[PDB]
Amino acid sequence: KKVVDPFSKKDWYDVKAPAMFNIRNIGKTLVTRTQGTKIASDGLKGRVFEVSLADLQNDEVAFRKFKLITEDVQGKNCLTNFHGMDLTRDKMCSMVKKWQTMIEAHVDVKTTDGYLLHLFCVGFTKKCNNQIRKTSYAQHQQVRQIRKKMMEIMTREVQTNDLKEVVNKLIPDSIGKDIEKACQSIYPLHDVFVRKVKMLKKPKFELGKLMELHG
Amino acid sequence: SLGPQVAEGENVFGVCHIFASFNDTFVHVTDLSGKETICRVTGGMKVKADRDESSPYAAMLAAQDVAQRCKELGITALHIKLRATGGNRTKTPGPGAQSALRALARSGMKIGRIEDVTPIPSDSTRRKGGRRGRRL
Amino acid sequence: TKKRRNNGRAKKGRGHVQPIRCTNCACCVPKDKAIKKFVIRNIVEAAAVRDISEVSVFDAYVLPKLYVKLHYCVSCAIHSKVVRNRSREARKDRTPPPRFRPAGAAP
Amino acid sequence: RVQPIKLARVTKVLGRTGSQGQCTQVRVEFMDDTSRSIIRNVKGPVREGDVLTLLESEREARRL
Amino acid sequence: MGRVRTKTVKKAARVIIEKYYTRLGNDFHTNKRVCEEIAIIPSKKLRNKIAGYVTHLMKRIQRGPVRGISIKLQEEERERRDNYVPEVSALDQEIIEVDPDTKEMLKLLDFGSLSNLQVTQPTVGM
RNA sequence: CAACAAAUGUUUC
RNA sequence: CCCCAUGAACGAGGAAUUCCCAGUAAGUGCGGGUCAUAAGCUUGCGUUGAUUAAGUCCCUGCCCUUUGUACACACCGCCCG
RNA sequence: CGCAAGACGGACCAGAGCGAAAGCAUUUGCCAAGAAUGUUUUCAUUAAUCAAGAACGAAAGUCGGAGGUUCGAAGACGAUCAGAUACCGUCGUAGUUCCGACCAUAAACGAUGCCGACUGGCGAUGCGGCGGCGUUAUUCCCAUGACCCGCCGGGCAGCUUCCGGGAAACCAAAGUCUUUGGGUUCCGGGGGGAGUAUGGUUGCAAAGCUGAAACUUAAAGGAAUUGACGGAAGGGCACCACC
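Each chain carries its own residue count, running from 1 in the order of its written sequence; this scheme can depart from the entry numbering, and residues that have no coordinates do not appear. Each chain takes a letter, starting from A, and each ligand takes a number, starting from 1, following the order in which they are written. What you see is a piece of a larger assembly; the numbers all apply to this piece alone. Hydrogen atoms and water are omitted, and side-chain values are computed over all heavy atoms in the structure.

As deposited, the entry is annotated with X-ray crystallography as its determination method and 7.0305 Å as its resolution.

Pasting the structure below:
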């Protein structure tokens, strides 16, 4: 029986990104008018938006995505925090080519602020120009030592430094380059990225750091 | 109706989300969180025949009925996640998925990024109905 | 009388390999046997990009791809002319080919 | 969702389809704006320079 | 199409042209008279069909040598053309530039020569 | 771009 | 054959299906063959004269490669309880 | 958006690897094991191949639990058909998965015994060793490392070849077979009756091994060749075909 079309009731908030990113005004989102029987901030607070790092930086960051999760609300403002980085589908699919070895290593590590992260890396062998084998695999010995190197760096590079510096780090892709330096002594490699980061455990609350990062 | 804000420049943003399978085509904008909907409508509802559930022309009609209320409630713009049946299912796009995208862009909403989100599985759960294949 | 010296498709040094499921019959065929065709295509397609480029914000952007590696069992890949009977002689040619790389102005 | 009517002029006659062989391929200069150009299938006898009245104005076929 | 000249005709055309080039012409009307003089052809329709195809040939020959026809005059023309030779092209200009090893090719061949070195890098198959 | 029904039955020869 | 009279069904044809591209389809009369007599026939001829593809291999039919075949009285062929 | 269960290890992944074969792709650790190579180490004939005996042995099935996510031998359903107990849709079973026992069979095909020698060209690739006043990558030079080129073993193979083989298809082994003789082991003697009867044996069971006859019958069969013909592929052509 005709009733309550719902937008004509809904309220708007402006999604705000952390400081390390560049521009910070992500877009807008709608919730229901708060009623005592309700907390529009409730239906608002653990929401996560996934935005492209390119929109976030402005660029070459076509591939790469960041998951931004709403951590608190202040009048039409909602302050989000790093929740993850993935790659998309197209980019990842495009690296994976036959005749080359695909190498993956991932490590789970606690940051300086508590956060627990599982953080993945990836690489592919490279034929080097005057090669004339068509393929370019690596040996099992190689990959085992390469993986150890990737893993050592990723734990080394996340142990020291908080969620923010990992972020500050993943933007100019300094890990990538570091891997490249530690591995060329062992075997070629084309591509190379920390390709995903997964938030496993969150520390408790603290608006302090959140604001430090926003505001 | 309504609008997040006057904005003679940037556009209020939502998520487009199209599932194209064969035998139908879902179009779907939601709030960039996802938790809250906004105007759905499928390629089914706008024709009758079951056989024609999934045809691009129906798909157009659906993306048109959708874009309407999209620009009628507040979304000025939308980022799209196209999908297939996925799972162990086919893994290829259904026919009126393209048609829906051409229909909304043409409609005159705004577009932003794209990824595919069909669920591809580090394979298993045996695919349906048996070893000798659908024979037909 | 034995037809292909390769029998089905290349094994030689095995006796076994896991089987895949046809992407059409949902059949079942060893992975050594089975026609495989990669499939990379733009999210948008032919006509769209122009409305897709105009309607979008962003200054260019610049289109994702969907990537899908297909598998067919013999009967499907024949049926649908993925592959076509070749004379007692032509069968021996593994190679591959066409003349330009059909990407817009082909058949 | 929609309506309009589109005038389009034949640029180049492609060849013939339909298994019966009764539909003629056509390429159309978009009349109201030349900076458009698309492939449409025909019922009748068509020759260069004469005009189609397109309903759908996207679509753009192929075989059948 | 429907008018595809048959060998009995096409042959006669190659034939006459081979032994008649400087006599024959550009124009249907005259060769037709010529076929009466230089050949014995049984019906008038055939002789016409012959004159006609051989003219289509003469029209073509007189615009570019045609795939299987030779006449004394065309041989003479090709002969003269097939003389050309300039200031000449190698030179190659003072000093050959070698790829070395090719330098070591002369060095260990007991042979003086002009020189230049630029030969390094390997070197992939495919 | 992919895919698509169909029975039986009298002679020497 | 005529003259009168008696004045039927048939008021557009289901399943099916023939034939056809330009003086062609179709209307329309004439003459020849049969012939003593006998035209609803066949067999041409002029007259009046369109609609409509202008192609293709779908169905059908037949021949072109390649291919499969336990067929070869050749698929109208040679099979299980 | 989170979470639980059970399943499975995609893309990368190949005429590529290993393993006696059956078979075997997530990380990491432990445990022993296996080939190749290198090797102026050790023994001095230790050795080749095999009745009997024995180890392993995909799948289904069977015994008892765990477990059943997924899909699903049976059944019940909806359609289709002249008939439909089917294919096709749906619901859905034992089962799939895992543990401890059975069972001993798969076009378990390379349909090709195993071992040794000899007879023919080229380029790949896994791997080991060896060589280069070759490339690129670094520091102050390096030790590095990956490559290019060559050489040699032993892998799985490929390619081209009037050696030669074979009925041919094919085959560098199916060669070195009437000029018939390197070692050893196994099975077959027209086709059906038949892996059947019967006794023995193994099995909880389902079944497995060994394995006849009476009778029946003049071809069974192989290979190549060619048509005919196809609801196989590129095919065409004609209003006796369609449009």
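## Digging into the pairing of strand β5 (residues 77-83) of chain B
Along a regular strand, successive side chains alternate from one face of the sheet to the other. All names here are of chain B. With respect to burial, β5 is a largely interior element, 5 of its 7 residues being buried. DSSP bridges decide pairing: two strands pair if at least two such bridges lie between them. Each helix corresponds to a stretch of at least 4 residues labelled H or I by DSSP, and each strand to a stretch of at least 2 residues labelled E; elements are numbered beginning at the N terminus. Relative to β5, strand β1 (residues 13-15) runs parallel, the two being bridged by 3 bridges. Within β5, the residue paired with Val15 across the bridge is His79. Judged from the 2 bridges that link them, strand β2 (residues 18-21) and β5 form a sheet pairing that is parallel. Across the sheet, residue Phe19 finds its bridge partner in β5, namely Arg83. Two elements, β5 and strand β6 (residues 110-116), share 5 bridges in a ladder whose sense is parallel. By the bridge assignment, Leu78 is partnered in β6 with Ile111. Handedness is read with the strands pointing away from the viewer; a crossover is right-handed when the path from the first strand over the helix to the second is clockwise. Taking the sense of rotation as the criterion, the β-α-β connection linking β5, helix α2 (residues 98-107) and β6 turns out right-handed. Each residue's exposure class comes from its accessible area (1.4 Å probe, protein chains only) as a fraction of the maximum for that residue type: buried when under 20%, exposed when over 50%, partly exposed otherwise.

## Digging into the sheet that holds strand β1 (residues 6-17) of chain D
Residue and element names in this part refer to chain D. The antiparallel open sheet is built from 4 strands, whose spatial order is β3-β2-β1-β4. Each end of this open sheet is capped by a strand with a single partner; those strands are β3 (37-42) and β4 (51-54). In this sheet, neighbouring strand axes are inclined to one another by 45° on average, regardless of whether the strands run parallel or antiparallel. Every axis in this analysis is a line fitted to C-alpha atoms, fitted for helices over the stretch in contact. Angles between the N-to-C directions lie between 0 and 180 degrees.

## Some points on the environment of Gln5(B)
With respect to the helices and strands, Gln5(B) occurs in the segment before β1. In sequence terms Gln5(B) and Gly74(B) are 69 residues apart; their C-alpha atoms lie 8.7 Å from each other. Pairs of residues are marked as contacts when any of their non-hydrogen atoms sit within 4.5 Å. Excluding residues within four positions of it along the chain, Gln5(B) makes contact with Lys28(A) and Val12(B).

## Thoughts on a negative patch on the surface
Residue and element names in this part refer to chain E. A contiguous patch of negative charge, built from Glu75, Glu76, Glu79 and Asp82, is present on the exposed surface. Take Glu76: it is sitting in helix α4 (residues 72-81). By relative accessible area, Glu76 is classed as partly exposed at 44%. Like-charged residues within 9 Å of one another, or nonpolar side chains (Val, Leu, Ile, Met, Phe, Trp, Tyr) within 5 Å, are grouped into patches, provided each residue has over 30% relative accessible area and no salt bridge. All accessible areas in this document rest on Shrake-Rupley with a 1.4 Å probe, and a residue is counted as covered only by the protein chains that are shown. The salt bridge criterion pairs a side-chain nitrogen of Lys or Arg with a carboxyl oxygen of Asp or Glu, the two atoms within 4 Å. When charges are tallied, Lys and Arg are placed among the positive residues and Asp and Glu among the negative ones, while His and the ends of the chain are skipped. For the purpose of locating charges, the reference atoms are NZ of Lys, CZ of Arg, CG of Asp and CD of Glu.

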